[PDB]
Amino acid sequence: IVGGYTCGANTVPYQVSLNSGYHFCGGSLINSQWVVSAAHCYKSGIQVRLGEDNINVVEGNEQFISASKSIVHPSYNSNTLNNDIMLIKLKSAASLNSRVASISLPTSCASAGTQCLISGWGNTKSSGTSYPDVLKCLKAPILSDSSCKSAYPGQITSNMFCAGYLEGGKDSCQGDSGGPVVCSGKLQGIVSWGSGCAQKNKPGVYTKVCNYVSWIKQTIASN
Ligand SMILES: NC(=[NH2+])c1ccc2[nH]c(-c3cc(OC(F)(F)F)ccc3[O-])nc2c1
Ligand SMILES: [Ca+2]
Ligand SMILES: [Cl-]
């Protein structure tokens, strides 16, 4: 997260860290045995780490659970990143409390201007790499479709939305991929891609979760 702030320990209880010997992506806990992340974060050997704040120190509240399986959207396109969403089922269910909790899926899409919270352990420099130990947060608004398409002509599909600041300086970045974009208590986006991090007129692009709720429900109901 570039231009963000320290969230504070366990203030974002649905945030998870996907780990393979190091943190490589974020994700969101939606029920005690399922996590939602981005399809481009897919790899084998994933351990899901819940209740984290400093990812390099065991401080208490952490639950490390292995992934039993990851389900990448069948229409995911790695070249356009269209349908960039993945579901991860946990080997055991997580113990939910106030430090570990799931987030609700939306019943309707969010509109432009909605203020959301983006969090993650990704890079904090727009020019270079500084990876934080603790969770960083950024409050950002959803932009209009016209400004988003004007910023990335021919690259935005109906399953994507832009959120951020056109003046540059505040944005999600590499390492934040797969994590949550929460607006009014509902998971509306997943960190997907952007051109560099916090560059002027190059906002972040997020997977539009309201377009996948029946797919998430049907897939969880059959696995
Ligand atoms: N500007 C943004 N809002 C943004 C957000 C997530 C990103 N994730 C990545 C990303 C970049 C990668 O390429 C690199 F390793 F060459 F930096 C790889 C994975 C990523 O998720 N870039 C990103 C940019
Ligand atoms: Ca820790
Ligand atoms: Cl276009």
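Residues numbered from 1 in each chain as written, not as in the entry; some residues may be left out. Chains lettered and ligands numbered in written order. Heavy atoms only, no water.

- Header annotation of the entry names X-ray crystallography as the structure determination method and lists the resolution as 1.55 Å.

## As for the sheet that holds strand β4 (residues 34-37)
- Reading around the barrel, the six strands line up as β2-β3-β4-β7-β6-β5 and close back on themselves, with antiparallel pairing between neighbours. Ignoring strand direction, the axes of neighbouring strands in this sheet form an average angle of 40°.
- Pairing of strand β6 (residues 63-72) with strand β7 (residues 86-90) involves five bridges; the strand directions are antiparallel. Within β7, the position partnered with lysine 69 by the bridge is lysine 89.
- Running at roughly 30° to β7, helix α2 (residues 213-221) makes contact with β3 (23-31), β4, β6 and β7 of the sheet. (Pairing = 2+ DSSP bridges. Helix = DSSP H or I, 4+ residues; strand = E, 2+ residues; numbered from the N terminus. Axes fitted to C-alpha atoms, helices over the stretch in contact; angles between N-to-C directions. Contact = heavy atoms within 4.5 Å.)

## With respect to the environment of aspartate 53
- Checked against the element boundaries, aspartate 53 lands in the loop between β5 (47-50) and β6.
- Since its relative accessible area comes to 10%, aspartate 53 is described here as buried.
- In this structure the C-alpha to C-alpha distance between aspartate 53 and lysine 136, which are 83 residues apart in sequence, comes to 9.2 Å.
- Setting aside chain neighbours within four positions, we find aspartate 53 in contact with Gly8, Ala9, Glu59, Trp121, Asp133, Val134 and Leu135. (Buried < 20%, exposed > 50% of the residue type's maximum accessible area, 1.4 Å probe, protein only.)

## Some words on the layout of surface pockets
- The calculated volume of the largest pocket comes to roughly 240 Å³.
- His23, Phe24, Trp121, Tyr131 and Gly175 are the residues nearest the centre of the largest pocket, which is lined by 14 residues in total.
- Looking at the lining of the largest pocket, the elements that each hand over two or more residues are β2 (15-19) and β3.
- Here the residues of the lining of the largest pocket sort into six nonpolar, seven polar and one charged.
- Each of domain 1 (1-12 + 103-210) and domain 2 (13-102 + 211-223) accounts for three or more of the residues forming the lining of the largest pocket. (1 Å grid on protein atoms, 1.4 Å probe; cavity = no way out; pocket = protein on both sides within 12 Å on 5 of 7 lines; lining within 4 Å. Points joined across faces, edges and corners; volume = space filled by probe spheres on them. Nonpolar A, V, L, I, M, F, W, Y, C, P; charged D, E, K, R; others polar. Domains from an automatic or database assignment.)

## Quick word on the state of the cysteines
- Under the defined criterion, the tally for this structure stands at six disulfides.
- One disulfide in the model links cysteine 116 with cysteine 183; its S-S distance is 2.0 Å. Every disulfide takes its handedness from the sign of the S-S torsion; for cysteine 116 and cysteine 183 that torsion is 100°, giving right-handed. Taken together, the residues span a long stretch of sequence, with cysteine 116 in strand β8 (residues 115-120) and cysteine 183 in strand β11 (residues 180-183) at a distance of 67 residues. (Disulfide = S-S within 2.5 Å.)

## With respect to the coordination of the calcium ion (ligand 2)
- Those protein atoms acting as donors to the calcium ion (ligand 2) are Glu52 (OE), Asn54 (O), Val57 (O) and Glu62 (OE), and they sit at 2.2 to 2.5 Å.
- With relative accessibility at 11%, the residue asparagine 54 sits in the buried group. (Donors = N, O, S within 2.8 Å, 3.2 Å for Na, K, Ca; no water.)

## What about the domain arrangement of the protein?
- Along its sequence, the protein is organised into domain 1 (1-12 + 103-210) and domain 2 (13-102 + 211-223).
- Centre-to-centre separation of domain 1 and domain 2, based on C-alpha positions: 18 Å.
- Taken together, the contact pairs 38 residues of domain 1 with 38 residues of domain 2.
- Between domain 1 and domain 2 lies a buried interface of about 2,900 Å² when both sides are counted; carbon and sulfur atoms form 56% of it.
- Area buried by domain 1 at its contact with domain 2 is led by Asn10, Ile103 and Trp121, which between them contribute 26% of it.
- Where domain 1 packs against domain 2, one counts zero salt bridges.
- Along the contact surface separating domain 1 from domain 2 lie 22 residue pairs in polar contact.
- Among the residues forming the side of domain 1 that touches domain 2, the class breakdown is 20 nonpolar, 15 polar and three charged. (Buried area = accessible area lost by both parts, 1.4 Å probe. Salt bridge = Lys/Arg side-chain N within 4 Å of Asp/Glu carboxyl O. Polar contact = N/O pair within 3.5 Å; in protein donor to acceptor, adjacent residues only side chain to side chain.)

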